[PDB]
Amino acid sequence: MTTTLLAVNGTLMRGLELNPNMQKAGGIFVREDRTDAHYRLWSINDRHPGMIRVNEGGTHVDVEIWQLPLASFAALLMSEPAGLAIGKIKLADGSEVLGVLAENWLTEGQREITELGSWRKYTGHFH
């Protein structure tokens, strides 16, 4: 009943493989959006993406904004792929929201897909 917003960039998005976790958590889809131009994006084993905020380089990464009960965040995070965390991100409009981020270590040996800016575009999994 008290809620806040979460920006997801990967498999929690509509129609993708972890979206049932989002639904079961009580998540409601709010809107499509994008980060500000300060994120680099990686494909983690071509299974899910991971993004990191940087000062130079980086681009706008496509996300979905979801509304979630406060009580649901812990379990949702626990169910997430290894190396993912939740912190604060900035959107293109300048607003701040919670978002799913990757730890540095998770990107080592992985393909950077920043130039595409979107997990959907990279995988060809459109909505």
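All residue numbers refer to positions in the sequence shown, first residue = 1.
Higher-B stretch (mean Cα B-factor, as the entry records it), 114 to 122 or 8 to 16
Higher mean C-alpha B-factor in the PDB entry: 114 to 122.
Stretch with the higher entry mean CA B-factor, where the candidates are 38 to 46 and 51 to 59:
Comparing averages over the C-alpha atoms only gives 51 to 59.
Name the residue from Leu70, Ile28, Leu101, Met78 with the greatest C-alpha temperature factor listed in the entry.
That would be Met78.
Using only the C-alpha B-factors in the record, can you name which of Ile89, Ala92, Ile65, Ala82 has the highest?
If I rank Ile89, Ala92, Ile65, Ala82 by C-alpha B-factor, first place goes to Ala82.
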